[PDB]
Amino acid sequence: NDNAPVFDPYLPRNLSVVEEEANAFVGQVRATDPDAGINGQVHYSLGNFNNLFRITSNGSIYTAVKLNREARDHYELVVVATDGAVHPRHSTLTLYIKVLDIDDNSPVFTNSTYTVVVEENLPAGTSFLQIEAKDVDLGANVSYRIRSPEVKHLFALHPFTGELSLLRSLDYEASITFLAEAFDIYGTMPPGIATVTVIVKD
């Protein structure tokens, strides 16, 4: 047993794995040990994050659990190569793991139910309520729209700001309830939904 395991010098150190997948392949390392028999046989282990990653006998690394990018997106993973000698010799490598984002969150409204009380003579053009939804995924841009067709003659919803404005003065349709949506313009998850109730003071 003249020497330790040495990792291949040009193994990638920056590895990326998609969030929300257990048993996902992260990458593969290799350490060689130019020695005869059991002094030349390399075994792999991890020095940290053992509940989150595992390594196989050929140096392939997999997630043990679903990673959540929204909770943490980076791991400095220590890989250990040990030979089979009676006095074992070890070497280590740090890998820098990046967790990649998927669209797994719909926009979430600040309120499940917005309620607003307006004066009967509120002028046409008044913006009287702002709604707001947040999307925790990476690069998301939230846009707003009114789902319910039957109020589209009464109110307009600004697609960027979420400001709700009056199109015509109020008379007899003393409340009106409808659904608003918030969606990631380039996302794939469903829209977030919230109810809006407008109450007219007589």
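All residue numbers refer to positions in the sequence shown, first residue = 1.
Quiz item: Should the segment between residue 173 and residue 174 be described as having none, 1 to 3, 4 to 9, or 10 or more unmodelled residues of the deposited sequence?
Solution: According to the record, 4 to 9 deposited residues lack coordinates from residue 173 to residue 174.
Quiz item: In the PDB record, does 178-186 or 19-27 carry the higher mean Cα temperature factor?
Solution: Averaging CA B-factors over each stretch, the winner is 178-186.
Quiz item: Where do the C-alpha atoms have the higher mean temperature factor in this entry, in 75-83 or in 126-134?
Solution: Going by the record's values, the stretch with the higher mean is 75-83.
Quiz item: Between 38, 64, 146, 55, which carries the biggest CA temperature factor in the record?
Solution: The record points to 38.
Practice problem: Sorting the chain's modelled residues by C-alpha B-factor, tell me whether residue 198 ends up in the lowest, middle or highest third. | Solution: Bottom third by C-alpha B-factor.
Self-check item: Third assignment of residue 150 from its chain's C-alpha B-factors
Solution: Ranked within chain, residue 150 CA B lands in the highest tercile.
Quiz item: Lowest, middle or highest third: where is residue 42 by Cα B-factor in its chain?
Solution: For residue 42, whose C-alpha B-factor we compare with every modelled residue in the chain, the answer is the highest third.
Exercise. Divide the modelled residues of the chain into thirds by Cα B-factor and specify which third, lowest, middle or highest, holds residue 70.
Key: For residue 70, the deposited C-alpha B-factor lands in the middle third.
Practice problem: Looking at the entry's B-factor column for C-alpha atoms only, identify whether residue 60 ranks in the lowest, middle or highest third of its chain. | Solution: For residue 60, the deposited C-alpha B-factor lands in the lowest third.
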